[PDB]
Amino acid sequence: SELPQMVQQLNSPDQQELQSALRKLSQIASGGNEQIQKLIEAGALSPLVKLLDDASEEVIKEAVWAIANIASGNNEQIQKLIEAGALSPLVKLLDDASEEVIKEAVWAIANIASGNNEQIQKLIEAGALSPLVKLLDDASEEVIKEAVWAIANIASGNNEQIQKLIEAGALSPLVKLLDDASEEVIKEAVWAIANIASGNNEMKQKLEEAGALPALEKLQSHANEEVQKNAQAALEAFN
């Protein structure tokens, strides 16, 4: 309702008033693309991004949650988020002290990567690939779950982007994730590998060298029917 005042309250020194504005803003950000558009028209994005460079970890956590929800908008809305300078503060956050902040920053990056190839290129230029690949082994299964999703979306980009992903060393941790304890992680890793398997013969050669083929074949004896099917589809996409 009173969006410009809430956007103004995003600059309030009073943290109670700020968090009150952040909660209202976040509820709008998760209300779909028409609601996200209202946040954009109210000039919410720049003040929102500015909060990623804040003293309070909780304010950062709340602002990234809202950014992740805005990043789930259409390609034009994702573009407005990039223009507001969201990429650099998000990439810096992949090395943050808080695991919950990392999870949300990876979630935001995964949503940005679900946009067009120009927006995937913007993530690559902001240097998202190296810290994302680094996160493919970082303790938390929930963090890995976010990181694989981001990488799978990046892997659906053009051949130059897939090559950039391979250069950042994505293949060895992805192949190891085909034998991860979590079934959801396996499915995600298969999706990422199937996207890499889609494209030119140079990328297919790289997957074969990484050991994706026996790892995909081992999944043909997995208890889950959907995992077997996706692994077979990934091997078909390779042949």
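The first residue of the shown sequence is 1; numbering continues from there.
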{"query": "Between 90 to 98 and 144 to 152 (mean CA B-factor, as deposited), the higher", "finding": "90 to 98"}
{"query": "34 to 42 versus 210 to 218 - greater average Cα B-factor per the deposited record", "finding": "210 to 218"}
{"query": "Identity of residue with top Cα B-factor, from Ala126, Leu81, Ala139, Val106", "finding": "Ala139"}
{"query": "Member of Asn200, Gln27, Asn69, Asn195 with the greatest C-alpha B factor (per the PDB record)", "finding": "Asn200"}
{"query": "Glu76, C-alpha B-factor rank within chain (lowest, middle or highest third)", "finding": "lowest"}
{"query": "Third of the chain, ranked by Cα B-factor, where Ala113 sits", "finding": "lowest"}
{"query": "Ranked against its chain, the third holding the CA B-factor of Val185", "finding": "middle"}
{"query": "Third of chain Cα B-factors occupied by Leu52", "finding": "highest"}
{"query": "CA B-factor placement of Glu62, once the chain's modelled residues are sorted into thirds", "finding": "lowest"}
